[PDB]
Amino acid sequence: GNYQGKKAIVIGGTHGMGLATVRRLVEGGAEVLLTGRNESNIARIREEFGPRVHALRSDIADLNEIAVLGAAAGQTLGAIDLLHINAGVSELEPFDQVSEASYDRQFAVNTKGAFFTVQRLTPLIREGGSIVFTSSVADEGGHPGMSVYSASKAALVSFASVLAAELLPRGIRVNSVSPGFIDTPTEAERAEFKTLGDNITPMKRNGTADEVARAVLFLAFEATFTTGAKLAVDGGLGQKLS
C-alpha cells in the first residue's frame, strides 16, 4: 500500500513515459488524473483502466483549456501529492531551416504550456508534495537539429529551479528527470532513431519507459530532501563519458 491515499496528476500520461508512470501509480494504489491531446490514446486508456483513473483530453498549449483543466482536477482530486509534467513535442531541423511556426509550436507545448499548466495546478499541491518535470539529455550541450527542442527543455529546467526556490515556504519539492534515448513510440525513421541511441549511448542501449517511471516516482515520494535537482536516465549519455 505504497501510494495508497496519494493523488497524482500526470500531464501527458496517455503514452510512453507518462503512461508507464501512470501504470506504477495505479498499481501502487494511487488515484490518478491524466491528460493527453490525441483522441485514440484517450479512448484506449478509458477502456483499459476505468474510473480509478480519470483521462481528460486537454491541450497543454491552450490557456483556456488549462483553466478548465484546473477546475476539473480540483473538483475530482481536491488536492494532490504529485504533479508530473510529461508532455513534449519535437521537430528536427537544422537551425537555418527553423521557421517561426515550427519554433512557436515547440515552445508553446514544451515551455509556455508547461509553465501555465504548473501555474494553474500548483495550488492543488499538498504540503510535502512535489512537482516532477520530464526534461531531456538535450537540455545541456549542443545537438544539431535540436536547437528549438533543446532550448525549450533548457528553459523548463530553469523554471524547475525558480519554482524550487519560490515553493520552499509551501513545503513543495520541485525536480526534473533527464532521459536519454528511451524505446517507446513515422515508424521507418522512428526506427533509425532507436539505432542511433544504441550506437551512441555509452550503455549501448535504449532506456525503458518504466526506468524513467521509476526515477520519476523516486523523486516524487522518496527523495524528500531533494529539491531543485536533476536526475539522469540516459545510459550515461549526458555524463561526459568517453
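Numbering starts at 1 and runs along the sequence shown.
Counting the deposited residues that fall between residue 185 and residue 186 and carry no coordinates gives a value of 4 to 9.
Judged by mean Cα B factor in the deposited record, 194 to 202 ranks above the other of 169 to 177 and 194 to 202.
Look at the mean CA B-factor for 224 to 232 and for 5 to 13 in the entry; the higher one is 5 to 13. Comparing the C-alpha B-factors of 72, 124, 146, 109 in the entry, the top value falls on 72. When the C-alpha B-factors of 89, 137, 154, 160 are read from the PDB record, the largest value belongs to 89. Among all modelled residues in its chain, residue 164 ranks in the lowest third by Cα B-factor. In the deposited entry, the Cα temperature factor of residue 77 sits in the top third of values across the chain's modelled residues. For residue 61, the recorded CA B-factor ranks within the highest third of the chain. Only modelled residues enter the ranking. Looking at the C-alpha B-factors along this chain, the one for residue 53 belongs to the highest third.
Among all modelled residues in this chain, the alpha-carbon of residue 117 has a temperature factor (C-alpha) in the lowest third.
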